[PDB]
Amino acid sequence: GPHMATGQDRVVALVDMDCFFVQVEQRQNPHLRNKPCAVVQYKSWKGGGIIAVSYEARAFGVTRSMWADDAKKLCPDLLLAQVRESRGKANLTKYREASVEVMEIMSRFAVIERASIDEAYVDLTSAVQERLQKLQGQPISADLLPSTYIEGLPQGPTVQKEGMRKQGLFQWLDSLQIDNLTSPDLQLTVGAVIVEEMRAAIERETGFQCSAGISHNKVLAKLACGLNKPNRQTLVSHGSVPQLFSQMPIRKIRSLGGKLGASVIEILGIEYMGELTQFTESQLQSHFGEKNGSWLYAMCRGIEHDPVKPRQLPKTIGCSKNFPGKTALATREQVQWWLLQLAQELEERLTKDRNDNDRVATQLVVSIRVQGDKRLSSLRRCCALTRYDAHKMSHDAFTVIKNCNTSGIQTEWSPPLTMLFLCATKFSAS
DNA sequence: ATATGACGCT
DNA sequence: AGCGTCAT
Ligand SMILES: Nc1ncnc2c1ncn2[C@H]1C[C@H](O)[C@@H](COP(=O)(O)NP(=O)(O)OP(=O)(O)O)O1
Ligand SMILES: [Mg+2]
Ligand SMILES: [Mg+2]
């Protein structure tokens, strides 16, 4: 009873940039600001594949994955910006550099774990402690929280959204024990105040807006972040979890969006995260394994222990390209040439990495996909990465995959290759 | 015919 | 080591 931990030990935030590639293009080109807008790669097939969408465009039903020509049928005024193309492939440098701007600002507040090109987790537990002693039991003003939502509030005994926001925040603050420095809810509130500040600094210094989740672990933080996007932050407290989870589809929780999530639904005959509570940990372990069962048992009670790993930099650097359908590489010369293109971008990125971050990759991984295999990768092999030299790197990769070629003729390659992928890995200090 | 990155399993 | 899962 007093021995049951509640997963309330930490304050953890997840910050995610609003329509990130779109914002990067909109900052560069004022003409695209406050417009239905999308970022697109490869204008040649159906106008390009959409990979990011402004919220004005979303309101017309434009989504990621969609072809640009089809997006124009839903939204004829849609403005587009194209991904840089270098060496015959998509080049994401602009967005990687924009990402670094954001991560450096967040780094100033606390230790971040970079989770994607546009998001990081933040462990606020220490910052909240320090901010709490400087505050000295002084009540927290709703003015310190001008973009914050308290999930599940307002409740009990207004028409438009900002009215509802404030009402819920007033209820939350009015209930707040500012007397006890170790109250979990109080810790979350102070965490929210800091994330208000962090998000203001990001906007001020970059022009980019973002949303945030503030809770006790990574999973709740990521879930909370999405609940009030764009340009808003959401606090999910321990106590909000039962109602929140009671109608929350299983697939919405991080790691349960694929096969395992589907098997939980299937095997257990449930739909919502909260329904998991009626199962014993041993029952869950028997159906899904020791670690999965353990993790589900605690998670459906809002408890999770994945720590925020102190890592602002990626652990691999990679370049890939699909060669779909009729463009699938079918000769030795095409394979070699495209491996050189990939190796050339890779080298440019590794040398920049070695100078910026005082480390060097030591292993090269080569990955291909062949026509008809619908796996991401058909095959992976590796070799030593000794020199940041594109010509050597591509030669080495060709060497380690050449024998996949099932062809009779010298100059032909079969089966045709639908993807090439070079990944530098196993970094070491230098 | 939609470019990446992290991590688990064996 | 090489493959399978899940993610943006
Ligand atoms: N399948 C994919 N292929 C290529 N790039 C992608 C991608 N998914 C995302 N990106 C790139 C482009 C994206 O801009 C960026 C961040 O991805 P999100 O945070 O999942 N989506 P956004 O930040 O745009 O919208 P909001 O967060 O407001 O919902 O990563
Ligand atoms: Mg985002
Ligand atoms: Mg994101």
Side-chain angles (χ1 to χ4, degrees), chain A residues 40-51 65 67-69 82-96 314-354 360-427:
Chain A
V40 118
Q41 61 184 2
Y42 303 131
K43 261 270 172 49
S44 273
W45 195 34
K46 300 179 174 171
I50 293 172
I51 66 175
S65 99
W67 299 116
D69 288 347
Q82 276 180 103
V83 167
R84 182 174 172 206
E85 198 153 323
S86 292
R87 294 174 219 83
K89 72 175 294 285
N91 172 14
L92 308 183
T93 313
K94 198 192 292 170
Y95 319 108
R96 297 204 180 89
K315 296 175 169 179
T316 56
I317 295 176
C319 315
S320 68
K321 185 180 165 59
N322 292 351
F323 293 99
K326 286 164 195 174
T327 63
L329 310 189
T331 74
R332 214 204 314 100
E333 267 292 345
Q334 271 176 316
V335 176
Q336 293 173 95
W337 190 82
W338 280 106
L339 280 168
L340 181 55
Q341 297 314 284
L342 286 182
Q344 282 184 7
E345 179 191 326
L346 187 57
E347 186 219 297
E348 204 171 36
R349 288 168 62 191
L350 288 170
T351 299
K352 154 85 161 171
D353 187 81
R354 185 175 54 182
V360 73
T362 61
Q363 175 172 69
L364 186 71
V365 173
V366 198
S367 187
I368 68 168
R369 193 203 319 138
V370 301
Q371 213 144 44
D373 181 20
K374 298 197 141 191
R375 296 174 294 161
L376 175 156
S377 175
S378 283
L379 175 132
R380 327 184 193 194
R381 299 273 186 274
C382 50
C383 59
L385 209 178
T386 58
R387 291 157 183 257
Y388 288 6
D389 176 282
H391 278 107
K392 166 167 181 68
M393 283 199 280
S394 44
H395 180 89
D396 286 343
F398 179 69
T399 298
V400 301
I401 63 157
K402 51 152 68 172
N403 67 304
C404 296
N405 194 4
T406 207
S407 174
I409 323 301
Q410 232 201 316
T411 74
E412 306 307 313
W413 189 287
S414 64
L417 302 181
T418 49
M419 144 185 156
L420 294 178
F421 191 7
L422 286 179
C423 190
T425 189
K426 297 212 204 305
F427 285 74

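These values consider heavy atoms only, across backbone and side chains, with no hydrogens, waters or symmetry-generated copies. Here is the naming used below: chain letters follow the sequence lines, and residue numbers restart at 1 for every chain.
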So which heavy atom on A:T418 is nearest to which on A:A328, and how close? CG2-CB, 4.1 Å
Set out, in order, the CA-CA distance, both residues' side-chain angles and the distance that settles side chain to side chain contact (heavy atoms under 4.5 Å, CB included) for A:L379 and A:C404, then state yes or no. CA-CA 9 Å; A:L379 175 132; A:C404 296; 3.7 Å; yes
Student check: side-chain heavy atoms of A:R87 and A:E348 closer than 4.5 Å: yes
Distance from A:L385 atom CG to A:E347 atom CD, nearest 0.5 Å? 10.0 Å
Any pair with a residue in residues 371-390 of chain A that passes salt bridge (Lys or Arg N to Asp or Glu O under 4.0 Å), sequence neighbours left out, goes on the list, sorted by first then second residue, please. A:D373-A:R375
Report the C-alpha distance between A:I51 and A:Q41 in whole Å, list the side-chain angles of each, state the deciding distance to 0.1 Å, and finish with yes or no for side chain to side chain contact (heavy atoms under 4.5 Å, CB included). CA-CA 7 Å; A:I51 66 175; A:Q41 61 184 2; 3.7 Å; yes
So CE of A:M393 and NE2 of A:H395: to nearest 0.5 Å the spacing works out to 13.5 Å
Say you draw a straight line from OG1 of A:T327 to CD of A:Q334; how long is it, rounded to the nearest 0.5 Å? 8.5 Å
Kindly indicate, with the supporting measurements, whether the criterion side chain to side chain contact (heavy atoms under 4.5 Å, CB included) is fulfilled by A:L92 and A:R84. CA-CA 7 Å; A:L92 308 183; A:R84 182 174 172 206; over 6 Å; no
Do you know the tightest heavy-atom contact between A:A397 and A:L422? CB-CD2, 3.8 Å
Tell me the salt bridge (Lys or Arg N to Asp or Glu O under 4.0 Å) pairs involving residues 328-341 of chain A, sequence neighbours left out? none
State, to 0.1 Å, how close A:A390 and A:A343 come at their nearest heavy-atom pair, and which atoms those are. O-CB, 3.2 Å
A:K352 atom NZ: more than 12 heavy-atom contacts under 6.0 Å: no
Reported SG-to-CD distance for the pair A:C383 and A:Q363, which is rounded to 0.5 angstrom: 8.0 Å
Side-chain donor/acceptor of A:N91 to backbone N/O of A:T93, under 3.5 Å: yes
With the side chain counted from C-beta on, respond yes when A:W337 and A:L329 share a heavy-atom pair under 4.5 Å apart, and no when they do not. no
State whether the number of non-hydrogen atoms from other residues, nucleotides or ligands found under 6.0 Å of A:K43 atom NZ is greater than 12. yes
Between A:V83 and A:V40, is any pair of side-chain heavy atoms under 4.5 Å apart? no
Minimum heavy-atom separation for A:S378 to A:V370, with atom names? OG-N, 3.1 Å
Residues pairing under salt bridge (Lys or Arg N to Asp or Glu O under 4.0 Å) where one sits in residues 395-415 of chain A, two or more places apart or in two chains, turn out to be A:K392-A:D396
May I ask you to decide if A:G325's main-chain N or O and A:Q371's side chain share a donor-acceptor pair within less than 3.5 Å? yes
Straight-line distance of A:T351 OG1 to A:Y388 OH, nearest 0.5 Å: 7.0 Å
Non-hydrogen side-chain atoms of A:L420 and A:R369 separated by less than 4.5 Å: no
Could you tell me which non-hydrogen atom of A:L350 sits nearest to which non-hydrogen atom of A:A424, and how far apart they are? CD2-CB, 3.7 Å
Does the side chain of A:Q336 reach to within under 4.5 Å of the side chain of A:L340, using non-hydrogen atoms? no
Decide yes or no for A:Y42 and A:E85: does some side-chain heavy atom of the first lie under 4.5 Å from some side-chain heavy atom of the second? yes
To the nearest 0.5 Å, tell me how far A:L417 CG sits from A:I401 CD1. 6.0 Å
When the ring planes of A:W338 and A:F323 are compared, do they come out parallel, tilted or perpendicular, using 30° and 60° as the limits? perpendicular
Using atom types as modelled and distance alone, determine if a side-chain donor or acceptor of A:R354 lies under 3.5 Å from a backbone N or O of A:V360. no
As a quick check of understanding, evaluate side chain to side chain contact (heavy atoms under 4.5 Å, CB included) for A:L342 and A:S320, giving each step before the final call. CA-CA 7 Å; A:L342 286 182; A:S320 68; 5.6 Å; no
Would you call A:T362 and A:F427 a side-chain contact if the rule is heavy atoms closer than 4.5 Å? no
A:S367 versus A:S377, side-chain donor and acceptor atoms under 3.5 Å: yes
For a 4.5 angstrom cut-off between non-hydrogen side-chain atoms, does A:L346 reach A:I317? yes
